[PDB]
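So the structure is just underneath, and the comments pick up after that.
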Amino acid sequence: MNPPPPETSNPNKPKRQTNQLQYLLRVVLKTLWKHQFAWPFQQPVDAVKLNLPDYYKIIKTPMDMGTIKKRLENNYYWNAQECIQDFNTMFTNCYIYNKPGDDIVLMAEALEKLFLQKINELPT
Ligand SMILES: Cc1cc(C)cc(Oc2nccc(-c3c(-c4ccc(I)cc4)ncn3[C@H]3CCN(CCN)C3)n2)c1
């Protein structure tokens with residue numbers, strides 16, 4: 001009973017390439033993807049396989065880096081702020097579902113720390 005993944009392509013939306021969107025894919029997404037803690041965040045949470053039947057009762061705005069990767073590749077974002085919001089939704093989803101002190105929360109916290117470090121280098 002997993003939900004469908006978030007929408008990642010819409011051929012009717014307008015499309016543009018910007019230095020910030022390219023940076024978010026080539027640098028931010030790439031660096032986070034290759035991080036040693038990235039694996040639980042590289043795809044939608046599979047609540048069925050993981051036996052988490054309350055995940056999508058608690059998390060009603062799912063987000064993950066596999067979805068963000070597709071959105072960047074498909075020029076789904078017009079503004080860099082949309083992509084940054086998706087990353088933030090992704091981390092907060094982990095913090096909402098879990099509790100302070102859980103090992104999974106430590107992984108999310110490390111990735112978010114790296115994410116913010118790369119966002120500070122965002123080009124004008
Ligand atoms: C058994 C286990 C442990 C660990 C450390 C990872 C794991 O792999 C996995 N994969 C995908 C998602 C999760 C997950 C998440 C989560 C939520 C939103 C997002 I965006 C990304 C991850 N929150 C908790 N969990 C697991 C971890 C243990 N927890 C059970 C006891 N609390 C369920 N974990 C499996």
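Letters for chains follow the order of the structure tokens (A, B, ...), residue numbers begin at 1 for each chain, and ligand numbers begin at 1 in the order shown.
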
At most 6 Å from ligand 1 (only C-alpha atoms and all ligand atoms): residue list as a PyMOL selection string: chain A and resi 40-41+45+63-64+90+93-94+98+103-104

Residues flagged helix (DSSP H, G or I) by DSSP in chain A, as a PyMOL selection string: chain A and resi 19-33+39-41+55-58+65-73+80-97+103-119

Selection: 7 Å around residue A:6, only C-alpha atoms, excl. self and same-chain fewer than 2 positions, as a PyMOL selection string: chain A and resi 4+8+67

Could you save the residues just selected, with N, CA, C and O atoms, as a PDB file, in the first residue's frame?
```pdb
ATOM      1  N   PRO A   4       1.785   6.394  -4.934  1.00  0.00           N
ATOM      2  CA  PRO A   4       2.636   6.710  -6.072  1.00  0.00           C
ATOM      3  C   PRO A   4       3.676   7.736  -5.673  1.00  0.00           C
ATOM      4  O   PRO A   4       3.455   8.541  -4.748  1.00  0.00           O
ATOM      5  N   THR A   8       7.217  14.033 -11.118  1.00  0.00           N
ATOM      6  CA  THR A   8       8.579  14.421 -11.453  1.00  0.00           C
ATOM      7  C   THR A   8       8.722  15.012 -12.845  1.00  0.00           C
ATOM      8  O   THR A   8       9.779  15.577 -13.152  1.00  0.00           O
ATOM      9  N   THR A  67      13.488  11.389  -6.149  1.00  0.00           N
ATOM     10  CA  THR A  67      12.494  12.283  -6.727  1.00  0.00           C
ATOM     11  C   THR A  67      13.110  13.631  -7.083  1.00  0.00           C
ATOM     12  O   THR A  67      12.833  14.184  -8.154  1.00  0.00           O
TER      13      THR A  67
END
```

A:53, A:92, A:101, A:21 ranked by distance to residue A:119, top pick (using only C-alpha atoms): A:21

Counting only C-alpha atoms, the residue of A:18, A:26, A:107, A:124 that sits nearest residue A:39: A:107
